[PDB]
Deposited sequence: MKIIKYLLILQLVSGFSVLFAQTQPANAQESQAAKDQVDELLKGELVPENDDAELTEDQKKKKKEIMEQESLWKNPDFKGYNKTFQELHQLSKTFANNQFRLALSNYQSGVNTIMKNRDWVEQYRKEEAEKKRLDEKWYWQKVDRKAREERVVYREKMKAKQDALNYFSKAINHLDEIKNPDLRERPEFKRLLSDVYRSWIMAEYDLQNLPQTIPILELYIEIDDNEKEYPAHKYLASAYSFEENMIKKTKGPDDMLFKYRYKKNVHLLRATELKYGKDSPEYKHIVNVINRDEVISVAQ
């Protein structure tokens, strides 16, 4: 995460190492944890947490990629295998349905595993408590990648409401607000929340706030992709005006 010059500072650091040498005790455990917990603001702790989060993120991305490769290979192998008992069309339809079931189950399993890895990475990055080090470009890049991967996996597992806080955190990193897929995901998730409030006869304030959020983010996604004063933008304005 961070790569770890004044003569006075060098002298201070030398005297600190000299002090630490006198009180060398590998078996020391601080009864009061506050001074030890000050290490969470150090560079070494930040680098270790960054590396742990990176390892978890690579594990999740690898899981997704291996699932895609496995699905491609399974389709190819099933296509290249001889079927000497298959002579009707409905048998081929049934075989295709069975293959689709297998592929779907494998995809969901892999998505669940990758989401576990992404959640572990999120937790690892969460415990970096230095505001200065959280502003580094590398931290922002890794955080955006982890948030994006978690959002897509969670959406694929049909857990739409859980994506909203992560998407809102995402659109505040750098210029991530300018990306239209984030707003498309937000519009879908807010639509799900509004439909849930509608079907459960929940409070009207919740319904109105969810509908307003969905309309705002749908309009923003339409503007970001097709541009202002476009046929798509005019159509979306018409839909929003009719809905509200």
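S.K.: Got a list of the deposited-sequence ranges with no coordinates?
M.R.: In the chain as deposited, 1-45, 50-54, 295-300 carry no coordinates.
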